[PDB]
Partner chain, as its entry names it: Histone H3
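One chain follows as structure tokens, the form solved without the partner chain.
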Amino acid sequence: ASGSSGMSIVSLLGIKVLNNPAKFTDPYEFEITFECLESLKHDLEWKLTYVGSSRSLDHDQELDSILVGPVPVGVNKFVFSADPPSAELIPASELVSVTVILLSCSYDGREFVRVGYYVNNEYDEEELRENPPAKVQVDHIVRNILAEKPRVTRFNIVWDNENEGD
């Protein structure tokens, strides 16, 4: 606060959710468009996170992370590909039709943006949608990212120069 190095170099302009509504075991594909005002020393870091009610382990599941090279000054486009979650960590008696994914970008380790998305999951069969199992048949689950209602959150991180010590 006593150092609102506000001036934000990168600003998210849009996230196309192509690939949706693929299968629960299908990777996540995002077409993120953003602009970079000045040049940056370091790389931008992207990450997807699975958030979902559970009675033990299902939330805070980081799905994946990646560091993007040199960010060209101007309006850029980057396609994010995130691995699906291991069934090893989703309710066994699951029927968690609604969960959340948080896509966020950071810089030099300081997070500066986060996009919240609600997801819809349901088995792909009539009776199994009328008389479910007691064991989550993962590969019969079809997620549906509600790509239309995204919640955005900008933070105020310090970027490059600040004159580390003075």
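We call the rigid core whatever largest set of C-alpha positions still superposes within 1.5 Å between the two forms. Numbering follows the first chain given and starts at 1.
The same protein has a further form, the form solved in complex with the partner chain, not shown here; the description that follows concerns it.
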Report yes if any heavy atom of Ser54 sits within 4.5 Å of a heavy atom of the partner chain in the bound PDB entry; otherwise report no. yes
Is there a heavy atom of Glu126 no more than 4.5 Å from a heavy atom of the partner chain in the bound PDB entry? no
Could you tell me if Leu102 has a non-hydrogen atom within 4.5 Å of the partner chain in the bound PDB entry? yes
Although the partner chain is absent from this view, report whether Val119 comes within 4.5 Å of it in the bound PDB entry, heavy atoms only. yes
Which residues, if any, of 125-164 lie within 4.5 Å of the partner chain in the bound PDB entry when only heavy atoms count? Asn144, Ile145, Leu146, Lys149, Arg151, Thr153
Cα of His59 displaced 2 Å or more between this form and the one not shown, core superposed? yes
Which way does the C-alpha gap of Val100 and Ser54 go in the bound PDB entry, closer or farther, given it changes by 3 angstroms or more? closer
Direction of C-alpha distance change in the bound PDB entry, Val96 to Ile141 (at least 3 Å): closer
